[PDB]
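Heads up, the chain below is alone and in the form deposited in one PDB entry; it's given as structure tokens.
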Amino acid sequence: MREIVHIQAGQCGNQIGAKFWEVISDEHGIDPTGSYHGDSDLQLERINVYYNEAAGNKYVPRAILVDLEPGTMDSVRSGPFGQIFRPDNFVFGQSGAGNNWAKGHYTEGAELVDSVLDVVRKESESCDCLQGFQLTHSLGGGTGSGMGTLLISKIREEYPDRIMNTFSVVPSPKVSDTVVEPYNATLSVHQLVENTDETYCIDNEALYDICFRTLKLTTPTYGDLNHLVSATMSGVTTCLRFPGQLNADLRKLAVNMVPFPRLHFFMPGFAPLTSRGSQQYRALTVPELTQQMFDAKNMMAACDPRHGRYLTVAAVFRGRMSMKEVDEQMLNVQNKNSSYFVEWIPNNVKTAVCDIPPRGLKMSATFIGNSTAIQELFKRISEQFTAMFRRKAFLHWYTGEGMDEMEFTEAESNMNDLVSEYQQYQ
């Protein structure tokens, strides 16, 4: 019934999105060639949330791939399941962004975006009930932030009442990947905060720590980090596809998760996570899932939640469970650790339970928190921005495309206001 359009953009976006689709195909029994070879009727009842059906009983991901440099797409097509995305949805330019936001937003993206939108319109026209869009991208890069906010804005104008969700990779606290990240990130946040309904913040620094500390991977690769991200993205929309005792979709999560319209940046997490060797020594129970979810060391955002308070938390569980255990454990957490929740919201936790676990597990759970501790991310970006802006380091690269100091100044002010607004409630 409700349908989701998936848009992936830039190198990062395409790497994560390709893994996302691999995971969904396994959950639904869909072969790399598009054929269905599953074993349960429940795999087909809601297949159309994510796939269009092609003659010959084949399924086609309702996804769009966007880039300014063709090399990324060749990698997507040659890898596993590269063959399931339709060729008409590979939309791309030739120039690349060069990590220049201004090029990504005002020149190269400015020309490419019309083709992207024409593809989006064809896909939304096939829906019986479009519910929303999911966008996968990075914040510190060129194509990612350039096209990221260019598309978000265009879509919001055309579909003002649909749900706009993003999964964003944010700049890390110790090591930069790009020299000019502070400019790209400040300019991007300025626009995301006005146009989206919810943003998930993902930090590779945190993902490296989780896969090293918990899963004990001494040689993790981007494929493994992408797996962790994918597991969360899939968990968020579980209830649109599978039956359960108490459901929640994307619209419900937004209603419960955002008390004020600008405070919609979330810190995701996932449980259970164990190393393979230790898998044999710990029983999984609902209390165990609760214990791993509410854990500073298990957050996928690089921000310690113990430095702030929770405006709200969602807990979505998958697999057969006692409803009483779920309700009781959430109550125990709020009562024993009351110093971390705001007193002006009776009941800070929302829950949902679907009856079908991820393949291979008896049960699992996804955590989404809305914490005032997030101000640390925004604060860090603002200070780094300031240090470079004051000496105009690397600034001529943006003003050479026609941007100016006024645009940079406004973005800086909004970054600072968002921080003040989060502080206001602690």
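Numbers follow the displayed sequence, beginning with 1. Between two forms, the rigid core is defined as the largest C-alpha subset superposing within 1.5 Å.
Separately, the form deposited in another entry exists; it is not shown, and the next lines address it.
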Item to complete: State which of the options 91, 102, 257, 236 undergoes a Cα shift of 2 Å or more between this form and the one not shown, taking the core as fixed.
Response: 236
Item to complete: Align both forms on the core first, then report whether residue 147 has a C-alpha shift of 2 Å or more between this form and the one not shown.
Response: no
Practice prompt. Would you say whether residue 121 is displaced between this form and the one not shown, judging by a C-alpha shift of 2 Å or more on the superposed rigid core?
Written response: no
Worksheet item: Can a Cα shift of no less than 2 Å be assigned to residue 32 between this form and the one not shown, given superposition on the rigid core?
Response: no
Worksheet item: What happens to the Cα distance from residue 12 to residue 177 in that other deposited form: does it get closer or farther than here, with a change of 3 angstroms or more?
Response: farther
Item to complete: Might you say whether the CA atoms of residue 82 and residue 177 end up closer or farther apart in that other deposited form than in this form? Their distance differs by 3 Å or more.
Response: farther
